[PDB]
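Here is the structure we will look at.
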Amino acid sequence: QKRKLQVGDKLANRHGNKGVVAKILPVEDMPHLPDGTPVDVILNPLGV
Amino acid sequence: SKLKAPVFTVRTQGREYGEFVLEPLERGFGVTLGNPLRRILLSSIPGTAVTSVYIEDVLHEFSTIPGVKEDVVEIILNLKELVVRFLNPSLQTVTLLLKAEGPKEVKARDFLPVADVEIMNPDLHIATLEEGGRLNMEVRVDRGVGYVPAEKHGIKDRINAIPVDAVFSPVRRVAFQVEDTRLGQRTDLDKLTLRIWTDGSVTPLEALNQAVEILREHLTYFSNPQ
Amino acid sequence: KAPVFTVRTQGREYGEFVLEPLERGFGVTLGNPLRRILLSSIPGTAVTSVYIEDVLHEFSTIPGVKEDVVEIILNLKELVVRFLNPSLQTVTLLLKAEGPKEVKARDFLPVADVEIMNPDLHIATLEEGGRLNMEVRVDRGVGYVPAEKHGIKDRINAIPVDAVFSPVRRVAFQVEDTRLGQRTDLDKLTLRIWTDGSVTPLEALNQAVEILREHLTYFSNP
Amino acid sequence: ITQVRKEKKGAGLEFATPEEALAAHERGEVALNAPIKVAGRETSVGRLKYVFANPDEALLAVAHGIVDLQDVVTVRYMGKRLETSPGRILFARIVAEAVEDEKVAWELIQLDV
Amino acid sequence: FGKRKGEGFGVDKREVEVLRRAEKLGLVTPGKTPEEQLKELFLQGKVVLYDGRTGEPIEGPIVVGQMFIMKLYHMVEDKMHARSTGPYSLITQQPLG
Amino acid sequence: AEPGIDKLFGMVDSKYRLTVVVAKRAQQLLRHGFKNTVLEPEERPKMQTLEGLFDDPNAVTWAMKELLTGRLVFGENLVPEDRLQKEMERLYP
Amino acid sequence: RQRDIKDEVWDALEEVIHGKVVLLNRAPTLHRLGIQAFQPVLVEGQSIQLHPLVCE
Amino acid sequence: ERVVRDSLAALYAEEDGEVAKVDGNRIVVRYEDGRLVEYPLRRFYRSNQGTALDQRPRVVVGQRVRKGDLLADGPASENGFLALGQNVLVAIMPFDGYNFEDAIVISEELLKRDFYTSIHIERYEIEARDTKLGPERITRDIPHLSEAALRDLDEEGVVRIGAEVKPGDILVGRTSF
């Protein structure tokens with residue numbers, strides 16, 4: 001099965017930021033560059 | 001001291017990209033107009049995307065075709081990038097066929113031409129073939145809105161058919177610029193410049209008009225109090 | 001399909017507006033621009049300027065009056081003026097009081113086609129030998145304009161006042177997640193509107209969707 | 001949303017009349033939220049230039065980008081003129097409307113911090 | 001920013017607003033032109049970012065950039081495990097599978 | 001939180017007495033099918049459906065609001081269990 | 001089965017959990033608040049949506 | 001770059017030469033020796049931990065290849081590197097508390113272009129034993145069940161390769177007394 005990245009799945013970088021998929025917000029209601037480029041992942045800065 | 005009707009300029013480059021200036025607007029209106037239109041553009045603009053895929057001698061998505069470099073997985077991945085323009089608005093589904101063989105590179109051109117159907121990106125490489133490599137497949141492209149996963153619609157034209165993730169939203173990117181403009185007597189007035197990158201299936205002007213109509217309709221929804 | 005619109009208003013000041021449901025993401029898509037329009041561009045009135053007999057500047061307190069001059073100007077920012085005349089753009093109200101008298105907004109000399117919505121508003125108190133003679137100017141504007149920005153004076157020694165034009169005192173909307181069918185991330189747009197009284201919340205909201213629609217009509221002629 | 005802006009542009013300059021401080025701010029000599037001693041009292045420009053009658057009005061002005069939520073201003077709350085940011089009284093009214101008791105809410109929280 | 005500068009686009013009012021909030025924050029140098037402000041700001045690995053739902057620029061610029069985030073073996077569907085009832089074990093009348 | 005949970009904790013000498021009162025009252029409300037409620041038609045807890053407003057199915061909420069009304073009397077050994085049950089069942093099937 | 005789900009059914013669910021609560025519990029339970037009741041609210045996805053406050 | 005070839009996930013070239021045949025299942029190369037070497041690509045072999053081990057080619061049909069060069073990617077590999085995931089445009093900021101206590105908010109754009117799509121294979125099995133009342137057998141003939149329920153089962157009771165099964169659906173048949 002090709003399990004996509006649903007809500008809750010354990011995400012993490014190589015630097016120990018164990019994360020959980022919060023809410024897969026659509027391209028609309030997500031922070032975006034002035035050129036219009038929509039951010040792929042929002043990380044909690046507190047985790048740093 | 002009432003501000004009249006600002007001018008509206010249009011600067012489009014082909015079918016993919018469009019610029020839309022509105023000035024002068026009162027202070028705050030730059031993003032007040034710029035953002036909701038953007039949201040509707042990226043979200044609720046009707047478009048087309050590959051919803052189904054059936055390949056001969058291929059039982060599932062995770063199979064791999066003899067004489068074909070890309071597996072059915074990566075092939076479907078390439079097929080998700082297929083931009084299909086429906087000439088006729090009433091038409092909502094088209095099943096494109098594709099038969100190719102020999103040492104050739106299968107592209108979006110090899111799709112058998114269908115009446116009132118236009119592939120916008122012909123250079124899209126779907127799969128690479130080989131001496132003895134045979135690629136015969138029927139893909140179903142539908143018209144929808146936004147993003148619909150394969151687990152949701154589960155469109156299968158036949159038994160060995162494979163549900164494909166449909167990225168219907170033709171709009172690829174939306175920005176909008178708010179610049180300082182004046183009317184001589186008053187300053188600090190906002191100037192809007194809507195930038196729209198689309199896949200080409202719909203014009204940035206068309207998509208913008210659709211977004212406008214959607215927002216307006218949503219305003220019509222505010223008519224009946226209870 | 002079609003979203004229901006439940007309106008629950010309490011008087012001319014407060015009103016709740018539920019729009020449910022909206023396709024994922026449309027909640028804020030409607031809420032925010034309506035919010036911005038409501039706060040910025042709703043046709044309203046405010047006391048732009050204030051003049052007093054023995055008050056040179058905004059900070060010099062008033063004799064025979066417990067109320068601070070700034071306090072009075074503040075209460076005048078709270079002063080809700082309603083123009084019955086659609087063509088009326090500016091009205092200069094006047095106030096004459098003396099002795100020991102708690103001034104109300106009604107104490108302003110009545111002007112034709114001009115209705116003070118909250119006359120019971122305490123403007124100033126006075127004392128034995130205390131005299132209060134003032135003239136407040138009200139203009140028709142939109143949004144919030146600081147005293148320095150508009151910078152208008154009917155006369156010399158007339159104090160410029162932060163214009164609380166927008167009759168909508170606050171717009172706060174919660175986009176709470178409602179469900180219809182299987183979809184549970186549908187956007188229940190709970191739009192809460194606080195107004196001053198001159199414009200009932202529903203009137204303000206309808207003017208907002210009217211302004212937005214009108215702004216949508218501009219995408220016609222290149 | 002509840003911390004003052006300890007700006008350095010003002011640098012605690014003495015001012016006779018508040019309008020001089022307003023003028024200095026308009027000139028760009030002094031930031032809006034920097035600590036300042038006007039006359040005997042010590043108060044920033046935001047508390048003099050921006051005197052909000054209504055706590056609702058304060059936020060109304062914040063939404064217009066006129067002032068910020070961290071700009072130490074003068075806002076009148078519960079009939080008492082207060083020196084604080086609009087974001088702090090935003091927090092006060094948060095507590096208030098959360099508990100539906102406007103009095104013991106302002107009595108509950110600590111605003112100056 | 002080069003594409004924007006090349007097309008003929010000035011700086012966004014929202015961008016200048018974020019540069020105001022950031023100048024208050026003291027990230028960027030004060031007094032310089034918005035293009036240079038955004039230059040130094042981008043040097044900090046931060047960009048002016050707009051909240052897609054609000055449209056109003058996120059006051060105070062935030063750090064963006066590609067991160068090699070990877071999905072882990074601890075995914076949900078394997079872990080999800082809800083039940084009204086459940087066939088009880090024969091050795092012990094507690095529910096098992 | 002639950003509406004009036006403060007006043008509810010105040011009515012009882014023990015939060016757990018509130019627990020047993022609300023609970024037993026909810027058991028009465030379900031065994032009798034809410035026809036033994038002390039809530040007036042306007043005081044009935046409502047719920048939003050696709051059709052419209054309906055009566056709150058949850059008996060606990062009902063019992064807590066009934067208790068908020070103060071029309072309910074709770075205490076130890078108010079009435080013999082047999083006679084109590086038979087009377088309440090006599091009034092309501 | 002899975003496609004047996006419908007609008008009416010989910011509505012009935014929403015009706016029954018209305019006024020009811022679920023005892024959420026984290027591993028390992030260390031104290032009394034190691035478990036806490038919450039009124040169920042249906043949410044998309046397959047993961048428990050927990051209140052941020054009770055996390056501590 | 002060293003990991004994939006040291007992990008032997010991705011198959012490489014044993015000598016300078018031209019790739020005569022390029023396929024998803026296999027990659028055959030013609031070397032300077034003239035010898036024809038076939039590399040059967042391990043395609044979606046179930047890992048011990050569940051993830052699918054697949055090998056996708058990266059060399060065009062009939063192209064030059066040197067010794068110690070990549071012929072086909074390995075699992076979690078891009079262009080002969082180690083790709084345990086996908087680098088995504090990350091913005092580090094709180095978002096309405098959705099990213100709270102290490103929680104991560106995600107664009108649906110990532111789900112759009114199928115980023116973070118893990119292929120997982122679960123191994124199920126049925127073993128038969130002989131009892132005096134009756135042994136067990138793997139068959140399609142399963143009592144008290146509709147043919148519509150056995151729609152995705154072949155004659156042998158095995159689920160037809162390529163079928164989509166759900167919790168409750170039958171994978172392997174087995175009957176006893």
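All residue names refer to the structure tokens as shown: chains lettered A, B, ... in order, residues numbered from 1 in each chain, ligands numbered from 1 in order.
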
Worksheet item: Which parts of chain E does DSSP call alpha helix (DSSP H) when run on the backbone here, written out as a ChimeraX atom specification?
Response: /E:2-7,13-25,34-43,76-79

Item to complete: Skip stretch 33-35 of chain D itself and residues of its chain fewer than 2 positions away, then list as a PyMOL selection string all residues within 6 Å of it, counting only C-alpha atoms.
Response: chain D and resi 5-8+10+12+31+44+46+71-72

Item to complete: Compile the contact shell of residue A:44 as a PyMOL selection string: residues with an atom at most 12 Å away, counting only C-alpha atoms, same-chain residues fewer than 2 positions apart removed.
Response: (chain A and resi 17-22+41-42+46-48) or (chain E and resi 62-63) or (chain H and resi 90-106)

Residues just named, written with N, CA, C and O atoms as a CSV table (one decimal), in the first residue's frame:
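Writing done, so here's part23.csv:
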chain,number,residue,atom,x,y,z
A,17,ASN,N,14.4,16.3,15.6
A,17,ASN,CA,13.1,16.9,15.7
A,17,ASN,C,11.9,16.0,15.5
A,17,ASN,O,11.3,16.0,14.4
A,18,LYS,N,11.7,15.0,16.4
A,18,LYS,CA,10.6,14.1,16.3
A,18,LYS,C,9.3,14.9,16.2
A,18,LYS,O,8.9,15.6,17.2
A,19,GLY,N,8.6,14.8,15.1
A,19,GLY,CA,7.3,15.6,14.9
A,19,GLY,C,6.2,14.7,14.5
A,19,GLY,O,6.3,13.6,14.0
A,20,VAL,N,5.0,15.3,14.7
A,20,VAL,CA,3.7,14.6,14.3
A,20,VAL,C,2.9,15.5,13.4
A,20,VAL,O,2.7,16.7,13.7
A,21,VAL,N,2.4,14.9,12.3
A,21,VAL,CA,1.5,15.6,11.4
A,21,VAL,C,0.3,16.2,12.1
A,21,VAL,O,-0.6,15.5,12.5
A,22,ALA,N,0.3,17.6,12.2
A,22,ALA,CA,-0.8,18.2,12.9
A,22,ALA,C,-2.1,18.2,12.1
A,22,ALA,O,-2.9,17.4,12.3
A,41,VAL,N,6.0,22.8,4.9
A,41,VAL,CA,5.9,22.3,6.2
A,41,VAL,C,6.1,23.4,7.3
A,41,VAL,O,7.1,24.2,7.2
A,42,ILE,N,5.1,23.6,8.2
A,42,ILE,CA,5.2,24.5,9.3
A,42,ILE,C,5.7,23.8,10.5
A,42,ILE,O,5.1,22.9,11.0
A,46,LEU,N,9.4,26.3,18.9
A,46,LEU,CA,9.7,25.9,20.3
A,46,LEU,C,10.5,24.6,20.4
A,46,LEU,O,11.3,24.4,21.3
A,47,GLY,N,10.3,23.8,19.4
A,47,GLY,CA,11.0,22.5,19.3
A,47,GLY,C,12.5,22.7,19.1
A,47,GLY,O,13.3,21.7,19.1
A,48,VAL,N,13.0,23.9,19.0
A,48,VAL,CA,14.5,24.1,18.8
A,48,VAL,C,15.3,24.5,20.0
A,48,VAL,O,16.3,23.9,20.3
E,62,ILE,N,9.8,35.2,9.3
E,62,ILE,CA,10.1,33.8,9.8
E,62,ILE,C,11.1,33.1,9.0
E,62,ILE,O,11.3,33.4,7.8
E,63,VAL,N,11.8,32.1,9.6
E,63,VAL,CA,12.8,31.3,8.9
E,63,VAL,C,12.2,30.3,8.0
E,63,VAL,O,11.3,29.5,8.4
H,90,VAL,N,10.4,24.2,4.4
H,90,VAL,CA,9.9,24.3,5.8
H,90,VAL,C,9.9,25.7,6.3
H,90,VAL,O,11.0,26.4,6.3
H,91,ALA,N,8.8,26.2,6.8
H,91,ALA,CA,8.7,27.5,7.5
H,91,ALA,C,8.6,27.2,9.0
H,91,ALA,O,7.6,26.6,9.5
H,92,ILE,N,9.6,27.7,9.8
H,92,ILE,CA,9.6,27.5,11.2
H,92,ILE,C,8.9,28.6,12.0
H,92,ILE,O,9.4,29.7,12.2
H,93,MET,N,7.6,28.3,12.4
H,93,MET,CA,6.8,29.3,13.1
H,93,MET,C,5.6,28.6,13.8
H,93,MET,O,5.2,27.5,13.3
H,94,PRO,N,5.1,29.2,14.8
H,94,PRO,CA,3.9,28.5,15.4
H,94,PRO,C,2.7,28.8,14.5
H,94,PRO,O,2.7,29.8,13.8
H,95,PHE,N,1.8,27.9,14.4
H,95,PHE,CA,0.6,28.1,13.5
H,95,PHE,C,-0.7,27.7,14.2
H,95,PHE,O,-1.1,26.6,14.2
H,96,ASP,N,-1.3,28.7,14.9
H,96,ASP,CA,-2.6,28.5,15.6
H,96,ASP,C,-2.5,27.4,16.6
H,96,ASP,O,-3.5,26.9,17.0
H,97,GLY,N,-1.3,27.1,17.0
H,97,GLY,CA,-1.1,26.0,18.0
H,97,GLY,C,-1.2,24.6,17.3
H,97,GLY,O,-1.1,23.6,18.0
H,98,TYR,N,-1.3,24.6,16.0
H,98,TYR,CA,-1.3,23.3,15.3
H,98,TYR,C,0.1,22.7,15.4
H,98,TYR,O,0.2,21.4,15.6
H,99,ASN,N,1.1,23.5,15.3
H,99,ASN,CA,2.5,23.0,15.7
H,99,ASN,C,2.7,23.3,17.1
H,99,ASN,O,3.3,24.3,17.5
H,100,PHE,N,2.3,22.3,18.0
H,100,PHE,CA,2.5,22.5,19.4
H,100,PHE,C,3.1,21.3,20.0
H,100,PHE,O,2.7,20.1,19.8
H,101,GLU,N,4.2,21.5,20.8
H,101,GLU,CA,4.9,20.4,21.5
H,101,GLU,C,5.4,19.4,20.4
H,101,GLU,O,5.0,18.2,20.4
H,102,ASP,N,6.3,19.9,19.5
H,102,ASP,CA,6.9,19.1,18.4
H,102,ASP,C,5.9,18.7,17.3
H,102,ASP,O,6.3,18.1,16.4
H,103,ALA,N,4.6,19.0,17.5
H,103,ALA,CA,3.7,18.8,16.4
H,103,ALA,C,4.1,19.5,15.1
H,103,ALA,O,4.7,20.6,15.2
H,104,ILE,N,3.8,18.9,14.0
H,104,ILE,CA,4.2,19.5,12.7
H,104,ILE,C,3.0,19.8,11.8
H,104,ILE,O,2.2,18.9,11.5
H,105,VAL,N,2.8,21.1,11.3
H,105,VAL,CA,1.8,21.4,10.4
H,105,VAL,C,2.3,21.1,9.0
H,105,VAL,O,3.5,21.3,8.8
H,106,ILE,N,1.4,20.7,8.1
H,106,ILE,CA,1.9,20.4,6.7
H,106,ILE,C,1.0,20.9,5.6
H,106,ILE,O,-0.3,20.8,5.8

Worksheet item: In Å to one decimal, how far is atom CA of residue A:1 from atom CA of residue H:164?
Response: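 Interatomic distance here is 9.0 Å.
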
For chain B against chain D, with a cut-off of 12 Å and counting only C-alpha atoms, what is the closest atom pair and its distance in Å to one decimal for every residue that makes the cut, ordered by chain and number, as JSON lines?
{"residue": "B:26", "atom": "CA", "partner": "D:64", "partner_atom": "CA", "distance": 11.9}
{"residue": "B:27", "atom": "CA", "partner": "D:64", "partner_atom": "CA", "distance": 8.7}
{"residue": "B:28", "atom": "CA", "partner": "D:64", "partner_atom": "CA", "distance": 7.3}
{"residue": "B:29", "atom": "CA", "partner": "D:64", "partner_atom": "CA", "distance": 10.9}
{"residue": "B:31", "atom": "CA", "partner": "D:64", "partner_atom": "CA", "distance": 12.0}
{"residue": "B:32", "atom": "CA", "partner": "D:64", "partner_atom": "CA", "distance": 11.5}

Worksheet entry | Residues of chain C within 8 Å of chain E, counting only C-alpha atoms, as JSON, numbers by chain | {"C": [25, 28, 29, 32]}

Item to complete: Write out as a list in words the residues lying within 10 Å of stretch 24-37 of chain G, counting only C-alpha atoms and excluding same-chain residues fewer than 2 positions away.
Response: residues 20, 21, 22, 39, 40, 48, 50, 54, 55 and 56 of chain G

Worksheet item: Where in chain H does DSSP assign strand (DSSP E or B), given as a ChimeraX atom specification?
Response: /H:11-12,17-22,26-31,36-40,45-46,51-53,57,64-65,70-72,77-78,81-82,88-92,103-107,118-120,153,159,167,169

Store the residues picked out above in a file with N, CA and C atoms, as a compact mmCIF listing (two decimals), in the first residue's frame.
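And here is the file that came out, part-v9.txt:
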# COMPACT_ATOMS: atom_id res chain seq x y z
N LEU H 11 22.09 -1.00 -7.36
CA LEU H 11 23.00 -1.81 -8.17
C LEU H 11 23.88 -0.92 -9.04
N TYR H 12 25.16 -1.26 -9.12
CA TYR H 12 26.12 -0.46 -9.86
C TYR H 12 26.70 -1.23 -11.04
N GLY H 17 31.04 0.36 -19.99
CA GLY H 17 30.25 -0.23 -21.05
C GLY H 17 28.94 0.48 -21.36
N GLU H 18 28.17 -0.11 -22.27
CA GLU H 18 26.90 0.44 -22.71
C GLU H 18 25.73 -0.41 -22.22
N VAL H 19 24.66 0.24 -21.79
CA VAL H 19 23.48 -0.47 -21.32
C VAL H 19 22.56 -0.86 -22.47
N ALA H 20 22.66 -2.11 -22.92
CA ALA H 20 21.86 -2.59 -24.04
C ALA H 20 20.37 -2.61 -23.69
N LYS H 21 20.04 -3.13 -22.52
CA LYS H 21 18.65 -3.21 -22.08
C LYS H 21 18.41 -2.46 -20.78
N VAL H 22 17.40 -1.59 -20.78
CA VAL H 22 16.99 -0.87 -19.58
C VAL H 22 15.53 -1.16 -19.27
N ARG H 26 14.71 -5.38 -14.70
CA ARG H 26 16.10 -5.79 -14.92
C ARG H 26 16.88 -4.76 -15.73
N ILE H 27 18.19 -4.70 -15.51
CA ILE H 27 19.05 -3.85 -16.31
C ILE H 27 20.24 -4.64 -16.83
N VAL H 28 20.28 -4.84 -18.15
CA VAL H 28 21.35 -5.62 -18.76
C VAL H 28 22.38 -4.70 -19.42
N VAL H 29 23.65 -4.93 -19.12
CA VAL H 29 24.72 -4.08 -19.62
C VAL H 29 25.74 -4.87 -20.45
N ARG H 30 26.19 -4.26 -21.54
CA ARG H 30 27.25 -4.83 -22.36
C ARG H 30 28.58 -4.14 -22.05
N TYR H 31 29.55 -4.92 -21.58
CA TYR H 31 30.83 -4.36 -21.14
C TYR H 31 31.89 -4.39 -22.23
N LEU H 36 27.66 -9.99 -21.50
CA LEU H 36 26.36 -9.40 -21.23
C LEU H 36 25.92 -9.70 -19.81
N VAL H 37 25.90 -8.68 -18.95
CA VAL H 37 25.58 -8.89 -17.54
C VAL H 37 24.20 -8.35 -17.17
N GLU H 38 23.33 -9.24 -16.72
CA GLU H 38 21.97 -8.86 -16.33
C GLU H 38 21.86 -8.60 -14.84
N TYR H 39 21.24 -7.48 -14.48
CA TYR H 39 21.01 -7.12 -13.09
C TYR H 39 19.52 -7.11 -12.77
N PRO H 40 19.01 -8.22 -12.21
CA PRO H 40 17.62 -8.31 -11.78
C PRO H 40 17.32 -7.33 -10.65
N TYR H 45 10.37 -5.57 -2.59
CA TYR H 45 10.52 -6.68 -1.66
C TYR H 45 10.23 -6.19 -0.25
N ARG H 46 9.34 -6.89 0.44
CA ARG H 46 8.94 -6.49 1.78
C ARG H 46 10.12 -6.51 2.75
N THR H 51 8.62 -1.42 5.15
CA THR H 51 8.82 -0.52 4.01
C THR H 51 9.21 -1.28 2.75
N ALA H 52 8.73 -0.83 1.60
CA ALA H 52 9.03 -1.51 0.34
C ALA H 52 10.43 -1.17 -0.16
N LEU H 53 11.19 -2.20 -0.50
CA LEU H 53 12.51 -2.02 -1.09
C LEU H 53 12.43 -2.10 -2.61
N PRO H 57 15.75 2.56 -12.10
CA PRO H 57 16.83 2.91 -13.04
C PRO H 57 17.03 4.41 -13.21
N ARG H 64 26.34 5.39 -22.35
CA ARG H 64 27.65 5.05 -21.82
C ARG H 64 27.67 5.03 -20.29
N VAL H 65 28.30 4.00 -19.73
CA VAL H 65 28.44 3.85 -18.28
C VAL H 65 29.85 3.39 -17.92
N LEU H 70 26.45 4.17 -11.18
CA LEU H 70 25.08 3.77 -10.87
C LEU H 70 24.32 3.31 -12.11
N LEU H 71 23.58 2.21 -11.96
CA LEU H 71 22.71 1.73 -13.02
C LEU H 71 21.25 1.94 -12.65
N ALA H 72 20.94 1.72 -11.37
CA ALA H 72 19.58 1.88 -10.87
C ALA H 72 19.59 2.26 -9.40
N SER H 77 16.70 6.30 -2.22
CA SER H 77 17.88 6.79 -2.92
C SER H 77 17.54 7.63 -4.14
N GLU H 78 18.25 8.73 -4.32
CA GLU H 78 18.07 9.59 -5.48
C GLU H 78 19.42 9.91 -6.12
N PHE H 81 22.44 8.66 -4.20
CA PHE H 81 22.64 9.19 -2.86
C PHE H 81 21.67 8.52 -1.90
N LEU H 82 21.77 8.83 -0.62
CA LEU H 82 20.83 8.28 0.34
C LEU H 82 19.69 9.26 0.59
N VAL H 88 11.70 19.34 2.23
CA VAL H 88 10.55 20.17 1.90
C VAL H 88 10.73 21.61 2.39
N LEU H 89 10.16 22.56 1.65
CA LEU H 89 10.26 23.96 2.02
C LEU H 89 9.59 24.21 3.37
N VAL H 90 10.39 24.19 4.42
CA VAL H 90 9.90 24.30 5.79
C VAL H 90 9.94 25.73 6.31
N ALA H 91 8.80 26.21 6.81
CA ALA H 91 8.74 27.47 7.53
C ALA H 91 8.60 27.21 9.02
N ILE H 92 9.57 27.70 9.79
CA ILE H 92 9.59 27.47 11.23
C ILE H 92 8.85 28.59 11.97
N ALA H 103 4.63 19.04 17.46
CA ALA H 103 3.68 18.76 16.39
C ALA H 103 4.07 19.51 15.12
N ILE H 104 3.75 18.95 13.97
CA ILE H 104 4.15 19.54 12.70
C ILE H 104 2.96 19.81 11.79
N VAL H 105 2.81 21.06 11.35
CA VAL H 105 1.77 21.39 10.38
C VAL H 105 2.32 21.13 8.98
N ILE H 106 1.45 20.74 8.06
CA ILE H 106 1.89 20.36 6.72
C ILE H 106 0.96 20.88 5.63
N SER H 107 1.56 21.38 4.55
CA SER H 107 0.80 21.77 3.37
C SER H 107 0.19 20.55 2.69
N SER H 118 4.81 6.60 1.61
CA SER H 118 5.56 5.40 1.96
C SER H 118 4.87 4.14 1.48
N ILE H 119 5.59 3.32 0.71
CA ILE H 119 5.07 2.04 0.28
C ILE H 119 5.39 0.98 1.34
N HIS H 120 4.35 0.48 1.99
CA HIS H 120 4.53 -0.51 3.05
C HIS H 120 3.86 -1.83 2.71
N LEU H 153 -10.46 -12.83 -5.09
CA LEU H 153 -9.77 -14.08 -4.80
C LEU H 153 -9.73 -14.97 -6.04
N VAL H 159 -5.46 -14.15 -2.88
CA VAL H 159 -5.95 -12.87 -3.38
C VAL H 159 -5.24 -12.54 -4.69
N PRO H 167 -9.89 -4.04 5.48
CA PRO H 167 -10.14 -4.80 6.71
C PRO H 167 -11.50 -5.50 6.70
N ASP H 169 -12.05 -8.00 4.34
CA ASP H 169 -11.92 -8.74 3.09
C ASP H 169 -11.08 -9.99 3.32

Enumerate, in order of chain and increasing residue number, the residues of chain G with an atom no farther than 8 Å from chain H, each with its shortest atom pair and distance in Å to one decimal, counting only C-alpha atoms, as a tab-separated table.
residue	atom	partner	partner_atom	distance
G:1	CA	H:168	CA	7.3
G:2	CA	H:166	CA	7.9
G:52	CA	H:100	CA	7.0

Please report, as CSV, each residue of chain C lying at most 9 Å from chain D, together with the nearest pair of atoms and the separation in Å rounded to one decimal; use only C-alpha atoms, and order rows by chain and ascending residue number.
residue,atom,partner,partner_atom,distance
C:36,CA,D:63,CA,7.9
C:39,CA,D:60,CA,6.7
C:40,CA,D:64,CA,7.2
C:57,CA,D:19,CA,9.0
C:59,CA,D:18,CA,7.9
C:70,CA,D:51,CA,8.2
C:71,CA,D:53,CA,7.8
C:73,CA,D:53,CA,8.2
C:74,CA,D:53,CA,4.5
C:75,CA,D:53,CA,6.6
C:76,CA,D:53,CA,8.4
C:77,CA,D:53,CA,6.3
C:78,CA,D:53,CA,6.7
C:143,CA,D:64,CA,7.8
C:144,CA,D:61,CA,5.9
C:145,CA,D:61,CA,8.2
C:146,CA,D:50,CA,7.7
C:147,CA,D:49,CA,8.6
C:148,CA,D:49,CA,8.6
C:162,CA,D:50,CA,8.2
C:164,CA,D:57,CA,7.1
C:166,CA,D:60,CA,8.6
C:168,CA,D:60,CA,8.6
C:169,CA,D:56,CA,5.7
C:170,CA,D:56,CA,6.1
C:171,CA,D:60,CA,8.5
C:194,CA,D:56,CA,8.8

Preceding selection exported with C-alpha atoms as a PDB file, in the first residue's frame:
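Done, and the output landed in out08.pdb:
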ATOM      1  CA  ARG C  36     -11.022  44.310   7.152  1.00  0.00           C
ATOM      2  CA  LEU C  39     -13.219  47.792  10.413  1.00  0.00           C
ATOM      3  CA  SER C  40     -11.937  50.093   7.671  1.00  0.00           C
ATOM      4  CA  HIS C  57      -4.264  72.445  23.860  1.00  0.00           C
ATOM      5  CA  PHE C  59      -3.428  68.379  27.635  1.00  0.00           C
ATOM      6  CA  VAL C  70      -8.353  64.483  27.483  1.00  0.00           C
ATOM      7  CA  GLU C  71     -11.051  62.504  29.318  1.00  0.00           C
ATOM      8  CA  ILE C  73     -12.194  64.300  24.259  1.00  0.00           C
ATOM      9  CA  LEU C  74     -12.167  60.543  24.917  1.00  0.00           C
ATOM     10  CA  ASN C  75     -15.868  60.532  25.798  1.00  0.00           C
ATOM     11  CA  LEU C  76     -16.353  62.465  22.560  1.00  0.00           C
ATOM     12  CA  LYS C  77     -14.561  59.677  20.711  1.00  0.00           C
ATOM     13  CA  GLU C  78     -17.210  57.463  22.292  1.00  0.00           C
ATOM     14  CA  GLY C 143     -12.120  53.403   9.654  1.00  0.00           C
ATOM     15  CA  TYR C 144      -9.744  54.960  12.170  1.00  0.00           C
ATOM     16  CA  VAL C 145      -7.945  58.248  11.539  1.00  0.00           C
ATOM     17  CA  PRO C 146      -5.507  59.579  14.193  1.00  0.00           C
ATOM     18  CA  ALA C 147      -5.711  63.271  15.142  1.00  0.00           C
ATOM     19  CA  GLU C 148      -2.425  64.086  13.403  1.00  0.00           C
ATOM     20  CA  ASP C 162      -8.641  60.706  16.719  1.00  0.00           C
ATOM     21  CA  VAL C 164     -13.420  56.736  15.413  1.00  0.00           C
ATOM     22  CA  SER C 166     -16.062  53.074  11.786  1.00  0.00           C
ATOM     23  CA  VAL C 168     -18.151  48.867  13.982  1.00  0.00           C
ATOM     24  CA  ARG C 169     -16.240  48.885  17.266  1.00  0.00           C
ATOM     25  CA  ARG C 170     -14.916  45.348  16.802  1.00  0.00           C
ATOM     26  CA  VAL C 171     -14.913  42.395  14.417  1.00  0.00           C
ATOM     27  CA  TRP C 194     -19.641  44.829  17.816  1.00  0.00           C
TER      28      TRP C 194
END

Worksheet item: Near residue D:92, within 8 Å and counting only C-alpha atoms, which residues show up once chain neighbours fewer than 2 positions away are dropped, as a list in words?
Response: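 Using only C-alpha atoms, the neighbours found are residues 88, 89, 90, 94, 95, 96, 105, 106, 109 and 111 of chain D.
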
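Counting only C-alpha atoms and comparing B:127, B:45, B:7, B:178, the residue that lies closest to chain H is B:127.
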
Discussion item. As an exercise, work out the distance from atom CA of residue B:146 to atom CA of residue B:204 in Å and give it to one decimal place.
Written reply: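 Between atom CA of residue B:146 and atom CA of residue B:204 the gap works out to 16.1 Å.
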